[PDB]
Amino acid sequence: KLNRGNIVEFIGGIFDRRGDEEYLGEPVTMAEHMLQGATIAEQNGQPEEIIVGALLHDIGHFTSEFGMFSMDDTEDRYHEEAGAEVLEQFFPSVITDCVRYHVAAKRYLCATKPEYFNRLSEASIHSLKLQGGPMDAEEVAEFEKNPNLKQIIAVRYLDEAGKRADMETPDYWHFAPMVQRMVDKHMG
């Protein structure tokens, strides 16, 4: 049974057990990827919501970890969705949104920033094709109504930036107090 009192430890266990696995097509592990995002954010003075959003944005890849959430086949195929479904019970909606919309953010930036498409890694370019390509104009206008647009975009940049072959970072457990602060802001 998961609650405000053990969710941080649960997620930490996933980092401990699964974090050494490969972030597919990139020169980082799953943990390195998310920790780099969090650390780049922290080093640059980003707020804790963005740091933690970056830290957790790819936890939904590990779908066999979430049996207690009873997710359907659609909420499973898409890691951005599975991750948000896990987090929405414990975290501020800003953080949940950063995770849920991190693929849409890529599609949005491809549609709205002219030189953005060319600066992506081929793993991200390959995934874009299967994720529905750039947004159309309707999708862009819909996306810009999101009140958390700024944080969502910040987390996408941190996603793209967290693929360094070498970077010193703290481990999950050094960020865990911050994760708990976000949980406690929400669950009060």
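In this text, residue numbers run from 1 along the sequence as written.
- Averaged over their C-alpha atoms, the temperature factors of 79-87 and 110-118 are higher for 110-118.
- Legend: mean Cα B-factor per stretch from the PDB entry, 17-25 versus 165-173; the higher mean is in 17-25.
- Based on the entry's C-alpha B-factors, the most elevated value among 38, 135, 154, 125 belongs to 125.
- Reading the B-factor column for the CA atoms of 61, 33, 129, 57 in the entry, the top value corresponds to 129.
- When the CA B factors of the chain's modelled residues are split into thirds, the value for residue 65 lands in the middle one.
- The PDB entry assigns residue 141 a C-alpha temperature factor belonging to the highest third of its chain's modelled residues.
- Ranked against the other modelled residues of its chain, the C-alpha B-factor of residue 183 as given in the entry falls in the middle third.
- Residue 93: CA B factor in the middle third of modelled residues in this chain (values from the PDB entry).
- Among all modelled residues in this chain, the alpha-carbon of residue 71 has a temperature factor (C-alpha) in the highest third.
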